[PDB]
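Written below as structure tokens is the structure these notes are about.
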Amino acid sequence: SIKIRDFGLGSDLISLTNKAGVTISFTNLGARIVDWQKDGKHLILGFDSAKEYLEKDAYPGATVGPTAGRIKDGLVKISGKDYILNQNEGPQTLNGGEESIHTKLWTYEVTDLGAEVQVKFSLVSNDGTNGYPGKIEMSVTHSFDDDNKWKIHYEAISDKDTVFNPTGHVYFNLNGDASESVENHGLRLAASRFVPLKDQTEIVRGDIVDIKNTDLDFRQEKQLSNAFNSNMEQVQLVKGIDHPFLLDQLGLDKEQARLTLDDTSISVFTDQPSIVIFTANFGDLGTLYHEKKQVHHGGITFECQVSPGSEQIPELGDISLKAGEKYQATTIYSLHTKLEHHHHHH
Amino acid sequence: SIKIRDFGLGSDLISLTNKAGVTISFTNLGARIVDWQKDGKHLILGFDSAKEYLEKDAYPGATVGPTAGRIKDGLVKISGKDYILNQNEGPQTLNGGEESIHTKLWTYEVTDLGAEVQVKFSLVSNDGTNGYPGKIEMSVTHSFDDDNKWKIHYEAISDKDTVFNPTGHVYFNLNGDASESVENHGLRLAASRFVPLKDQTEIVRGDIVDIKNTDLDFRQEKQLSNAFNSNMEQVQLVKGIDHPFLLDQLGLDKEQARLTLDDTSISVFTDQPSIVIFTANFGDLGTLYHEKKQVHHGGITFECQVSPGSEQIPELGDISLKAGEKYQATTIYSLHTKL
Ligand SMILES: OC[C@H]1O[C@@H](O)[C@H](O)[C@@H](O)[C@@H]1O
Ligand SMILES: OC[C@H]1O[C@@H](O)[C@H](O)[C@@H](O)[C@@H]1O
Ligand code: NA
């Protein structure tokens, strides 16, 4: 079933319930996921109104772009030309600059296919917005089906050669309480290499490093605490994880990642080449989620996209988008029960 | 009473009914007025859903900006520097460029003061948006009161020196039907001068012309048919009226214009120096409003703002907005019924 109501400030909340009784909800404020519950338990982090997002933290569950991550000194080269984008994190352009797409009300239309329901959100980034050539007509379709798959499909077309590499900023927390660290979750990730950050400014270092057999190796499932407890320079630098992981095998067909807690798992599929993982390394900030003070490590993202730093490490890919060419990306989060045996204690 | 409902595409329709039973409704799509009615009759033009505005005509009742009107060659000088804005009508930048603020979903908050209810719409125009320096934080507050006063108050702040001169694009039609020309309405307007257009491109001609004692003198109430049947080359040029009129006496207290049809009249007040009047000179277009095919002259606007063309005729004013300065503007449309 589909339900809709005002969510505040003019945004709406679209709630869907599939045949298995699983519920998922979105808001057109930032074409974002607000909640996902199973048997009354939240699987992700989210707020109860639109104003909370705007006042506490506007990234959670959002669609972010046009370019996800940091761009050193806001400088991109588009078709032989240098373009400087909005710099909102020091000289860096983080998640498309200030007051980006995640802060706007997108128009939307809902399509009921029965076993699947689609919520297609649209927005136009005008030419020159935040320094990006355009205009860019974008659309994010979020869908949920009877098989517990939440899918994100991105599409875009630009009038001019530009850059495009958006992502979904959901944070999971299988504990269903922000005040509980995810160190107790099991993580499996099909990636043998990662991208180190230069320093606290978080721009990329310049090299690609192999992590096999290190505390960042999750090819074979392990508790997140292993990473959190690590004293590897990169973990210390960021106080947890906040890096891109390069997938070893590409393709929407492979389970790239799996996050488990007891009897629940979330599997990650995508057609993108990397997964940027950030573990809510907020220290004692304690942002309130549903009246619970969030803890350091109280959440984890799986932002599938082309890795950040390709400006410096060409090997990571190319995010340019040619005028008239159609951008498309697909990411999927599927929910499962009793997929494996995960019985631990922390 | 206040009622909020879905207007389509995720937009909302906010309807306010005052003590007199008069209803006015707005939508966050473009911080715009959708309807205004009394005793079941519409006073203004509007559609029945969001999609209509997007498909038929996105301007009606909307907040247009950041600059209202046409800018020659899309060119403006900011701090002695030339900037080229988005060109969406030939080489001109019309009403802020393509996909401007009138096609965006603004956030809003309703504030009920009893005798008055206010609806504050907000939107951030990112720096660089359509060539404009920013970011510009804008807000448009539409309010309605028990005295039948509909008021528009604009406010903006920019991080960088930029340009700013928005307007409300409501079209009135006291006939309450688009298929009926407003030629029967009577218009009074406190302006002795106007700004002629160069030609069919509608850019300014370059001069300011005295209208005293011409078909365009409305200093004394007159029927619109008069202007409409005029042979003045300017009327003939656009097939009606599509020009900036310079107000004689500036200030919010003075009734600047008055539109009348029978016992129903609309008074316009503003703190702006000019009023741009366009008489829906669409010819055979036939856009449909409420299932009624619009006729040529089936509407009229009162766009209060600084006259377009100041890039060429500096006497007109100056639309710049320096970093950190707070822009404010107020326009009021007041409804009266003779007894
Ligand atoms: O919370 C916003 C951001 O926090 C930063 O510290 C992370 O590096 C970003 O990747 C994330 O988008
Ligand atoms: O910009 C709003 C209106 O302005 C007039 O100058 C034009 O002639 C109209 O076609 C247009 O819809
Ligand atoms: Na809505």
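Residue numbers start at 1 in each chain; chains themselves are named A, B, ... in the order of the structure tokens; ligands are numbered from 1 in the order shown.
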Exercise for the section: Give the residues of chain B that lie within 9 Å of chain A; count only C-alpha atoms, and format the answer as a ChimeraX atom specification. Expected result: /B:6,8-12,28,86,98-100,104-110,123-132,135
What would the file look like if the residues just selected were written as an mmCIF file, in the first residue's frame with N, CA, C and O atoms?
```cif
data_model
loop_
_atom_site.group_PDB
_atom_site.id
_atom_site.type_symbol
_atom_site.label_atom_id
_atom_site.label_comp_id
_atom_site.auth_asym_id
_atom_site.auth_seq_id
_atom_site.Cartn_x
_atom_site.Cartn_y
_atom_site.Cartn_z
ATOM 1 N N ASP B 6 -2.882 18.422 -1.581
ATOM 2 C CA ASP B 6 -1.922 18.106 -2.603
ATOM 3 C C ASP B 6 -2.346 18.794 -3.911
ATOM 4 O O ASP B 6 -3.519 18.708 -4.295
ATOM 5 N N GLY B 8 -0.430 18.332 -6.837
ATOM 6 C CA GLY B 8 0.181 17.585 -7.930
ATOM 7 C C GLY B 8 1.707 17.739 -7.976
ATOM 8 O O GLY B 8 2.261 18.785 -7.669
ATOM 9 N N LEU B 9 2.383 16.658 -8.344
ATOM 10 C CA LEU B 9 3.843 16.620 -8.462
ATOM 11 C C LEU B 9 4.583 16.863 -7.153
ATOM 12 O O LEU B 9 5.758 17.182 -7.140
ATOM 13 N N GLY B 10 3.884 16.702 -6.046
ATOM 14 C CA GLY B 10 4.476 16.924 -4.752
ATOM 15 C C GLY B 10 4.242 18.345 -4.298
ATOM 16 O O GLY B 10 4.649 18.715 -3.222
ATOM 17 N N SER B 11 3.601 19.194 -5.112
ATOM 18 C CA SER B 11 3.358 20.573 -4.674
ATOM 19 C C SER B 11 2.123 20.634 -3.784
ATOM 20 O O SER B 11 1.257 19.760 -3.794
ATOM 21 N N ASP B 12 2.043 21.678 -2.984
ATOM 22 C CA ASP B 12 0.887 21.812 -2.121
ATOM 23 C C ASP B 12 0.050 23.019 -2.535
ATOM 24 O O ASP B 12 0.588 23.972 -3.081
ATOM 25 N N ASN B 28 3.222 26.133 -3.535
ATOM 26 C CA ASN B 28 4.661 26.304 -3.360
ATOM 27 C C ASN B 28 5.437 26.135 -4.641
ATOM 28 O O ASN B 28 6.620 26.459 -4.702
ATOM 29 N N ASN B 86 21.600 33.425 -18.391
ATOM 30 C CA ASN B 86 20.950 32.426 -19.245
ATOM 31 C C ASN B 86 20.014 33.125 -20.248
ATOM 32 O O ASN B 86 19.222 34.024 -19.891
ATOM 33 N N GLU B 98 15.833 30.239 -18.240
ATOM 34 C CA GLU B 98 15.037 29.010 -18.301
ATOM 35 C C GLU B 98 14.981 28.336 -16.950
ATOM 36 O O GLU B 98 15.901 28.464 -16.154
ATOM 37 N N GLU B 99 13.922 27.584 -16.743
ATOM 38 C CA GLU B 99 13.761 26.818 -15.523
ATOM 39 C C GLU B 99 14.066 27.643 -14.292
ATOM 40 O O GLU B 99 14.687 27.183 -13.330
ATOM 41 N N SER B 100 13.564 28.847 -14.281
ATOM 42 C CA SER B 100 13.829 29.703 -13.129
ATOM 43 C C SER B 100 13.039 29.419 -11.852
ATOM 44 O O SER B 100 12.369 28.390 -11.711
ATOM 45 N N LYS B 104 10.279 26.071 -9.522
ATOM 46 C CA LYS B 104 10.857 25.329 -8.396
ATOM 47 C C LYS B 104 9.837 25.233 -7.248
ATOM 48 O O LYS B 104 8.922 26.097 -7.117
ATOM 49 N N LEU B 105 10.038 24.189 -6.417
ATOM 50 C CA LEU B 105 9.219 23.942 -5.256
ATOM 51 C C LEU B 105 9.900 24.626 -4.112
ATOM 52 O O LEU B 105 11.017 24.245 -3.758
ATOM 53 N N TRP B 106 9.231 25.646 -3.571
ATOM 54 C CA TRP B 106 9.791 26.422 -2.510
ATOM 55 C C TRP B 106 9.375 25.802 -1.205
ATOM 56 O O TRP B 106 8.305 25.194 -1.193
ATOM 57 N N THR B 107 10.157 25.968 -0.115
ATOM 58 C CA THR B 107 9.657 25.459 1.144
ATOM 59 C C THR B 107 8.765 26.581 1.678
ATOM 60 O O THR B 107 8.880 27.705 1.199
ATOM 61 N N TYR B 108 7.899 26.247 2.660
ATOM 62 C CA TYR B 108 6.993 27.215 3.274
ATOM 63 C C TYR B 108 6.514 26.839 4.667
ATOM 64 O O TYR B 108 6.526 25.669 5.093
ATOM 65 N N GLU B 109 6.087 27.897 5.350
ATOM 66 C CA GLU B 109 5.543 27.828 6.687
ATOM 67 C C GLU B 109 4.405 28.779 6.715
ATOM 68 O O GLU B 109 4.539 29.869 6.197
ATOM 69 N N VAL B 110 3.321 28.318 7.319
ATOM 70 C CA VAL B 110 2.095 29.089 7.480
ATOM 71 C C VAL B 110 2.031 29.701 8.847
ATOM 72 O O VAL B 110 2.317 29.041 9.823
ATOM 73 N N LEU B 123 13.465 30.007 -0.716
ATOM 74 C CA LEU B 123 14.236 29.336 -1.717
ATOM 75 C C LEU B 123 15.607 29.981 -1.751
ATOM 76 O O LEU B 123 15.750 31.192 -1.547
ATOM 77 N N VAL B 124 16.615 29.126 -1.983
ATOM 78 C CA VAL B 124 18.016 29.568 -2.118
ATOM 79 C C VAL B 124 18.393 29.399 -3.557
ATOM 80 O O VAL B 124 18.263 28.318 -4.124
ATOM 81 N N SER B 125 18.831 30.491 -4.153
ATOM 82 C CA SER B 125 19.343 30.469 -5.506
ATOM 83 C C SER B 125 20.867 30.368 -5.316
ATOM 84 O O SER B 125 21.511 31.298 -4.800
ATOM 85 N N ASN B 126 21.435 29.214 -5.709
ATOM 86 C CA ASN B 126 22.844 28.932 -5.588
ATOM 87 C C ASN B 126 23.692 29.910 -6.368
ATOM 88 O O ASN B 126 23.295 30.434 -7.439
ATOM 89 N N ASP B 127 24.897 30.144 -5.853
ATOM 90 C CA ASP B 127 25.765 31.018 -6.587
ATOM 91 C C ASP B 127 26.008 30.429 -7.985
ATOM 92 O O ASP B 127 26.214 29.223 -8.148
ATOM 93 N N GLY B 128 25.902 31.260 -9.017
ATOM 94 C CA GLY B 128 26.115 30.823 -10.381
ATOM 95 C C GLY B 128 24.848 30.385 -11.089
ATOM 96 O O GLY B 128 24.842 30.254 -12.302
ATOM 97 N N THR B 129 23.777 30.158 -10.346
ATOM 98 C CA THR B 129 22.520 29.704 -10.948
ATOM 99 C C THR B 129 22.056 30.569 -12.101
ATOM 100 O O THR B 129 21.716 31.723 -11.905
ATOM 101 N N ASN B 130 22.083 30.031 -13.320
ATOM 102 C CA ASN B 130 21.688 30.772 -14.520
ATOM 103 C C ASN B 130 22.516 32.031 -14.760
ATOM 104 O O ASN B 130 22.013 32.990 -15.349
ATOM 105 N N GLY B 131 23.769 32.015 -14.263
ATOM 106 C CA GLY B 131 24.697 33.108 -14.449
ATOM 107 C C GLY B 131 24.669 34.118 -13.342
ATOM 108 O O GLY B 131 25.552 34.959 -13.303
ATOM 109 N N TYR B 132 23.709 34.021 -12.413
ATOM 110 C CA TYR B 132 23.656 35.016 -11.358
ATOM 111 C C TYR B 132 24.567 34.732 -10.183
ATOM 112 O O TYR B 132 24.552 33.648 -9.681
ATOM 113 N N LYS B 135 25.287 32.978 -3.248
ATOM 114 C CA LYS B 135 23.952 32.477 -3.209
ATOM 115 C C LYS B 135 23.031 33.568 -2.713
ATOM 116 O O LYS B 135 23.451 34.485 -2.000
#
```
Handout entry: Shell of 10 Å around range 41-51 of chain A, only C-alpha atoms, local chain residues under 3 positions omitted, as number ranges by chain
Key = A: 6-13, 23-24, 27-29, 32-38, 54-61, 170-178, 264-266, 288-291, 294, 298-301, 335
Compute the set of protein, DNA and RNA residues whose minimum atom distance to ligand 2 is at most 7 Å, using only C-alpha atoms and all ligand atoms, and state it as a PDB file with N, CA, C and O atoms, in the first residue's frame.
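Below you can see selection-v6.pdb, which holds the result:
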```
ATOM      1  N   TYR B  59       4.066  30.896 -15.932  1.00  0.00           N
ATOM      2  CA  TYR B  59       4.133  32.228 -15.362  1.00  0.00           C
ATOM      3  C   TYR B  59       2.958  32.716 -14.567  1.00  0.00           C
ATOM      4  O   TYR B  59       3.121  33.407 -13.545  1.00  0.00           O
ATOM      5  N   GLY B  69      11.262  40.519 -16.242  1.00  0.00           N
ATOM      6  CA  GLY B  69      11.321  41.168 -17.541  1.00  0.00           C
ATOM      7  C   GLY B  69      12.481  40.714 -18.379  1.00  0.00           C
ATOM      8  O   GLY B  69      13.091  39.700 -18.057  1.00  0.00           O
ATOM      9  N   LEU B  94      14.863  36.455 -20.220  1.00  0.00           N
ATOM     10  CA  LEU B  94      13.503  36.854 -19.840  1.00  0.00           C
ATOM     11  C   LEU B  94      13.061  36.219 -18.525  1.00  0.00           C
ATOM     12  O   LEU B  94      13.074  35.030 -18.357  1.00  0.00           O
ATOM     13  N   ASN B  95      12.630  37.001 -17.580  1.00  0.00           N
ATOM     14  CA  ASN B  95      12.183  36.467 -16.300  1.00  0.00           C
ATOM     15  C   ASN B  95      13.164  35.528 -15.581  1.00  0.00           C
ATOM     16  O   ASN B  95      12.784  34.519 -15.022  1.00  0.00           O
ATOM     17  N   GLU B 202      10.856  43.204 -28.121  1.00  0.00           N
ATOM     18  CA  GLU B 202      10.405  43.739 -26.858  1.00  0.00           C
ATOM     19  C   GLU B 202      11.493  44.302 -25.983  1.00  0.00           C
ATOM     20  O   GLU B 202      11.287  44.481 -24.803  1.00  0.00           O
ATOM     21  N   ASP B 242       1.968  46.014 -23.275  1.00  0.00           N
ATOM     22  CA  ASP B 242       3.053  45.163 -22.792  1.00  0.00           C
ATOM     23  C   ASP B 242       4.196  46.093 -22.476  1.00  0.00           C
ATOM     24  O   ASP B 242       5.224  46.030 -23.118  1.00  0.00           O
ATOM     25  N   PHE B 278       0.668  43.886 -18.845  1.00  0.00           N
ATOM     26  CA  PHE B 278       0.610  43.035 -20.027  1.00  0.00           C
ATOM     27  C   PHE B 278      -0.811  42.548 -20.134  1.00  0.00           C
ATOM     28  O   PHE B 278      -1.348  42.057 -19.149  1.00  0.00           O
TER      29      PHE B 278
END
```
Practice task
Name each residue within 8 Å of ligand 1, counting only C-alpha atoms and all ligand atoms, as an MDAnalysis selection string.
Solution key: chainID A and resid 57 59:60 68:70 94:95 169 202 242:243 276:278 280:282
Exercise for the section: Quick one: pull the distance between CA of residue 61 in chain B and CA of residue 314 in chain B, Å, one decimal. Expected result: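 Taking CA of residue 61 in chain B as the start and CA of residue 314 in chain B as the end point, the length is 28.5 Å.
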Exercise for the section: Taking the chain letters and numbering used in this document, name the residues of range 22-230 of chain B that DSSP puts in alpha helix (DSSP H), as a PyMOL selection string. Expected result: chain B and resi 50-55+224-228
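Using only C-alpha atoms and all ligand atoms, the shortest contact distance between ligand 3 and any of B:63, B:27, B:88, B:231 is found at B:27.
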Give me, as a short mmCIF file (atom, residue, chain, number, x, y, z; two decimals) with N, CA and C atoms, in the first residue's frame, the residues of range 166-323 of chain A that a backbone DSSP run labels strand (DSSP E or B).
```cif
data_model
loop_
_atom_site.label_atom_id
_atom_site.label_comp_id
_atom_site.auth_asym_id
_atom_site.auth_seq_id
_atom_site.Cartn_x
_atom_site.Cartn_y
_atom_site.Cartn_z
N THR A 167 25.34 9.98 -5.42
CA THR A 167 25.26 8.79 -4.59
C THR A 167 24.14 8.95 -3.56
N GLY A 168 23.84 7.84 -2.87
CA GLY A 168 22.82 7.77 -1.86
C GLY A 168 23.53 7.66 -0.55
N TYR A 171 22.46 5.68 5.93
CA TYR A 171 23.24 5.16 7.03
C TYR A 171 22.50 3.99 7.63
N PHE A 172 23.16 2.86 7.76
CA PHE A 172 22.46 1.78 8.37
C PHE A 172 22.89 1.66 9.81
N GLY A 186 28.46 -7.58 11.49
CA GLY A 186 29.44 -8.29 10.71
C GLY A 186 29.48 -7.64 9.33
N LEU A 187 30.67 -7.52 8.77
CA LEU A 187 30.76 -6.93 7.44
C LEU A 187 31.58 -7.78 6.45
N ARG A 188 31.07 -7.97 5.24
CA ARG A 188 31.80 -8.68 4.19
C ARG A 188 31.81 -7.72 3.00
N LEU A 189 32.99 -7.51 2.41
CA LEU A 189 33.12 -6.57 1.32
C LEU A 189 34.17 -7.05 0.34
N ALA A 191 36.38 -6.19 -1.79
CA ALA A 191 37.36 -5.21 -2.17
C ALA A 191 38.73 -5.50 -1.52
N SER A 192 39.76 -5.50 -2.37
CA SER A 192 41.16 -5.75 -1.98
C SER A 192 41.99 -4.50 -1.89
N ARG A 193 41.43 -3.37 -2.32
CA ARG A 193 42.21 -2.14 -2.25
C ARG A 193 41.41 -0.97 -1.79
N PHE A 194 42.13 0.05 -1.35
CA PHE A 194 41.41 1.22 -0.94
C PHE A 194 42.23 2.45 -1.23
N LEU A 197 43.73 8.79 2.43
CA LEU A 197 43.57 10.23 2.44
C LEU A 197 44.87 10.88 2.83
N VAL A 204 42.38 13.01 -1.33
CA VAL A 204 43.15 11.78 -1.49
C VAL A 204 44.67 11.94 -1.46
N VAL A 209 46.18 1.55 -2.34
CA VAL A 209 46.84 0.59 -1.55
C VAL A 209 46.05 -0.67 -1.35
N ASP A 210 46.81 -1.77 -1.38
CA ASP A 210 46.33 -3.12 -1.10
C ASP A 210 46.07 -3.36 0.43
N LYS A 222 33.89 -10.23 8.90
CA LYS A 222 34.45 -9.95 10.20
C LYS A 222 33.68 -8.86 10.94
N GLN A 223 33.80 -8.78 12.30
CA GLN A 223 33.10 -7.77 13.07
C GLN A 223 33.69 -6.40 12.80
N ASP A 242 36.31 6.12 6.55
CA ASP A 242 35.78 7.23 5.80
C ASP A 242 36.55 7.20 4.49
N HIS A 243 36.48 6.06 3.80
CA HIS A 243 37.28 5.88 2.60
C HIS A 243 36.63 5.13 1.53
N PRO A 244 37.16 5.30 0.32
CA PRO A 244 36.63 4.55 -0.79
C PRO A 244 37.33 3.21 -0.85
N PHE A 245 36.52 2.22 -1.14
CA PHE A 245 36.97 0.85 -1.32
C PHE A 245 36.77 0.49 -2.80
N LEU A 246 37.80 -0.08 -3.44
CA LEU A 246 37.64 -0.39 -4.85
C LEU A 246 37.18 -1.80 -5.04
N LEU A 247 36.02 -1.98 -5.63
CA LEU A 247 35.49 -3.33 -5.82
C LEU A 247 36.40 -4.16 -6.73
N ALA A 257 28.70 -6.24 -1.11
CA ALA A 257 28.79 -6.11 0.33
C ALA A 257 27.62 -6.71 1.06
N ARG A 258 27.90 -7.11 2.30
CA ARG A 258 26.82 -7.66 3.08
C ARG A 258 27.04 -7.23 4.51
N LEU A 259 26.01 -6.63 5.11
CA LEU A 259 26.10 -6.17 6.50
C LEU A 259 25.09 -6.98 7.32
N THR A 260 25.60 -7.71 8.37
CA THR A 260 24.77 -8.60 9.20
C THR A 260 24.80 -8.33 10.67
N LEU A 261 23.63 -8.53 11.27
CA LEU A 261 23.42 -8.41 12.71
C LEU A 261 22.41 -9.48 13.11
N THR A 264 19.43 -10.60 10.62
CA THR A 264 19.19 -9.65 9.52
C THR A 264 20.44 -9.28 8.77
N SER A 265 20.29 -9.20 7.47
CA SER A 265 21.39 -8.81 6.62
C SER A 265 20.92 -7.84 5.58
N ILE A 266 21.83 -7.01 5.13
CA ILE A 266 21.53 -6.12 4.04
C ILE A 266 22.59 -6.39 3.03
N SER A 267 22.18 -6.66 1.81
CA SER A 267 23.15 -6.92 0.76
C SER A 267 23.18 -5.73 -0.16
N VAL A 268 24.38 -5.45 -0.66
CA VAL A 268 24.61 -4.32 -1.53
C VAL A 268 25.03 -4.76 -2.93
N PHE A 269 24.32 -4.23 -3.95
CA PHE A 269 24.63 -4.50 -5.35
C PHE A 269 24.71 -3.17 -6.04
N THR A 270 25.61 -3.04 -7.02
CA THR A 270 25.63 -1.76 -7.70
C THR A 270 26.36 -1.93 -9.01
N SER A 274 33.18 1.63 -6.99
CA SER A 274 33.61 1.71 -5.62
C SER A 274 32.48 1.94 -4.64
N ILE A 275 32.86 1.74 -3.38
CA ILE A 275 31.95 1.94 -2.27
C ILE A 275 32.70 2.75 -1.23
N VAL A 276 32.17 3.93 -0.98
CA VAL A 276 32.72 4.84 0.00
C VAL A 276 32.04 4.53 1.32
N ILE A 277 32.85 4.15 2.31
CA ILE A 277 32.31 3.79 3.64
C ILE A 277 32.72 4.81 4.68
N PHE A 278 31.70 5.34 5.40
CA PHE A 278 31.91 6.31 6.47
C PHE A 278 31.15 5.78 7.66
N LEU A 288 20.71 13.81 18.02
CA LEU A 288 19.55 13.02 18.44
C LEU A 288 18.70 12.43 17.31
N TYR A 289 18.55 11.12 17.32
CA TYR A 289 17.75 10.44 16.36
C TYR A 289 16.65 9.80 17.13
N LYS A 292 17.37 9.56 20.69
CA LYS A 292 18.52 8.79 21.16
C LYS A 292 19.72 9.54 20.71
N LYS A 293 20.65 9.72 21.62
CA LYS A 293 21.89 10.43 21.33
C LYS A 293 22.79 9.53 20.48
N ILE A 300 26.56 3.33 9.54
CA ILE A 300 27.54 3.14 8.49
C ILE A 300 26.88 3.32 7.13
N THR A 301 27.56 4.01 6.21
CA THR A 301 27.06 4.24 4.86
C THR A 301 27.72 3.25 3.90
N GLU A 303 28.12 4.23 0.13
CA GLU A 303 27.86 5.12 -0.98
C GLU A 303 28.53 4.59 -2.18
N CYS A 304 27.72 4.06 -3.09
CA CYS A 304 28.26 3.48 -4.28
C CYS A 304 28.41 4.57 -5.30
N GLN A 305 29.61 4.69 -5.88
CA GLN A 305 29.83 5.72 -6.85
C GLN A 305 31.20 5.53 -7.47
N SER A 320 33.22 12.54 -16.18
CA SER A 320 32.64 13.54 -17.04
C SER A 320 31.38 13.00 -17.68
N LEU A 321 30.52 13.92 -18.08
CA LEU A 321 29.30 13.58 -18.74
C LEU A 321 29.21 14.45 -19.97
#
```
Practice task
Compare B:45, B:157, B:13, B:140 by their minimum atom-to-atom distance to ligand 3, counting only C-alpha atoms and all ligand atoms, and give me the closest one.
Solution key: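 For ligand 3, the nearest of the candidates is B:13.
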Practice task
Show which residues sit within 12 Å of residue 239 in chain A, as a ChimeraX atom specification. Count only C-alpha atoms, and ignore same-chain residues fewer than 6 positions away.
Solution key: /A:200,227-233,278-283,296-297
Selection from above, N, CA, C and O atoms, as a PDB file, in the first residue's frame, can you write it?
```
ATOM      1  N   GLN A 200      43.904  15.288   7.368  1.00  0.00           N
ATOM      2  CA  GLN A 200      42.648  15.677   7.979  1.00  0.00           C
ATOM      3  C   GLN A 200      41.716  16.456   7.105  1.00  0.00           C
ATOM      4  O   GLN A 200      40.547  16.614   7.426  1.00  0.00           O
ATOM      5  N   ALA A 227      37.990  -3.162  12.762  1.00  0.00           N
ATOM      6  CA  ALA A 227      38.443  -1.964  12.088  1.00  0.00           C
ATOM      7  C   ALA A 227      38.551  -0.822  13.097  1.00  0.00           C
ATOM      8  O   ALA A 227      39.520  -0.074  13.138  1.00  0.00           O
ATOM      9  N   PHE A 228      37.521  -0.704  13.928  1.00  0.00           N
ATOM     10  CA  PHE A 228      37.430   0.365  14.925  1.00  0.00           C
ATOM     11  C   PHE A 228      38.518   0.333  15.946  1.00  0.00           C
ATOM     12  O   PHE A 228      38.884   1.370  16.540  1.00  0.00           O
ATOM     13  N   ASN A 229      38.985  -0.877  16.184  1.00  0.00           N
ATOM     14  CA  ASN A 229      40.023  -1.005  17.155  1.00  0.00           C
ATOM     15  C   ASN A 229      41.400  -0.890  16.565  1.00  0.00           C
ATOM     16  O   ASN A 229      42.387  -0.818  17.288  1.00  0.00           O
ATOM     17  N   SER A 230      41.469  -0.856  15.245  1.00  0.00           N
ATOM     18  CA  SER A 230      42.756  -0.764  14.604  1.00  0.00           C
ATOM     19  C   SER A 230      43.558   0.520  14.855  1.00  0.00           C
ATOM     20  O   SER A 230      43.029   1.616  15.008  1.00  0.00           O
ATOM     21  N   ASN A 231      44.890   0.401  14.830  1.00  0.00           N
ATOM     22  CA  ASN A 231      45.757   1.558  15.001  1.00  0.00           C
ATOM     23  C   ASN A 231      46.505   1.882  13.728  1.00  0.00           C
ATOM     24  O   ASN A 231      47.481   2.624  13.698  1.00  0.00           O
ATOM     25  N   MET A 232      46.010   1.308  12.653  1.00  0.00           N
ATOM     26  CA  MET A 232      46.570   1.624  11.357  1.00  0.00           C
ATOM     27  C   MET A 232      46.392   3.127  11.202  1.00  0.00           C
ATOM     28  O   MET A 232      45.363   3.720  11.550  1.00  0.00           O
ATOM     29  N   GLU A 233      47.415   3.745  10.663  1.00  0.00           N
ATOM     30  CA  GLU A 233      47.434   5.165  10.432  1.00  0.00           C
ATOM     31  C   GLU A 233      46.153   5.719   9.798  1.00  0.00           C
ATOM     32  O   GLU A 233      45.677   6.795  10.132  1.00  0.00           O
ATOM     33  N   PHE A 278      31.701   5.339   5.398  1.00  0.00           N
ATOM     34  CA  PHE A 278      31.914   6.314   6.469  1.00  0.00           C
ATOM     35  C   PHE A 278      31.151   5.783   7.660  1.00  0.00           C
ATOM     36  O   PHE A 278      29.970   5.467   7.548  1.00  0.00           O
ATOM     37  N   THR A 279      31.824   5.629   8.800  1.00  0.00           N
ATOM     38  CA  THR A 279      31.217   5.054  10.001  1.00  0.00           C
ATOM     39  C   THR A 279      30.800   6.023  11.091  1.00  0.00           C
ATOM     40  O   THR A 279      30.924   5.778  12.289  1.00  0.00           O
ATOM     41  N   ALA A 280      30.240   7.116  10.681  1.00  0.00           N
ATOM     42  CA  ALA A 280      29.743   8.081  11.672  1.00  0.00           C
ATOM     43  C   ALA A 280      30.719   8.357  12.791  1.00  0.00           C
ATOM     44  O   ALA A 280      30.426   8.170  13.972  1.00  0.00           O
ATOM     45  N   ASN A 281      31.883   8.808  12.375  1.00  0.00           N
ATOM     46  CA  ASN A 281      32.988   9.097  13.279  1.00  0.00           C
ATOM     47  C   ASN A 281      32.807  10.425  13.922  1.00  0.00           C
ATOM     48  O   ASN A 281      33.731  11.215  13.912  1.00  0.00           O
ATOM     49  N   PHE A 282      31.624  10.663  14.478  1.00  0.00           N
ATOM     50  CA  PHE A 282      31.330  11.963  15.080  1.00  0.00           C
ATOM     51  C   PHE A 282      31.751  12.227  16.526  1.00  0.00           C
ATOM     52  O   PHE A 282      31.423  13.284  17.073  1.00  0.00           O
ATOM     53  N   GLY A 283      32.422  11.279  17.152  1.00  0.00           N
ATOM     54  CA  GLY A 283      32.787  11.518  18.512  1.00  0.00           C
ATOM     55  C   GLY A 283      31.555  11.679  19.367  1.00  0.00           C
ATOM     56  O   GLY A 283      30.566  10.962  19.260  1.00  0.00           O
ATOM     57  N   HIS A 296      29.509   7.632  18.661  1.00  0.00           N
ATOM     58  CA  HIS A 296      30.575   7.555  17.696  1.00  0.00           C
ATOM     59  C   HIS A 296      30.421   6.157  17.051  1.00  0.00           C
ATOM     60  O   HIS A 296      30.207   5.173  17.770  1.00  0.00           O
ATOM     61  N   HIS A 297      30.457   6.037  15.720  1.00  0.00           N
ATOM     62  CA  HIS A 297      30.276   4.713  15.154  1.00  0.00           C
ATOM     63  C   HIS A 297      28.832   4.246  15.246  1.00  0.00           C
ATOM     64  O   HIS A 297      28.518   3.082  15.066  1.00  0.00           O
TER      65      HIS A 297
END
```
Practice task
Return the single residue from B:153, B:310, B:221, B:55 that is closest to residue 68 in chain B, with distances computed using only C-alpha atoms.
Solution key: B:310
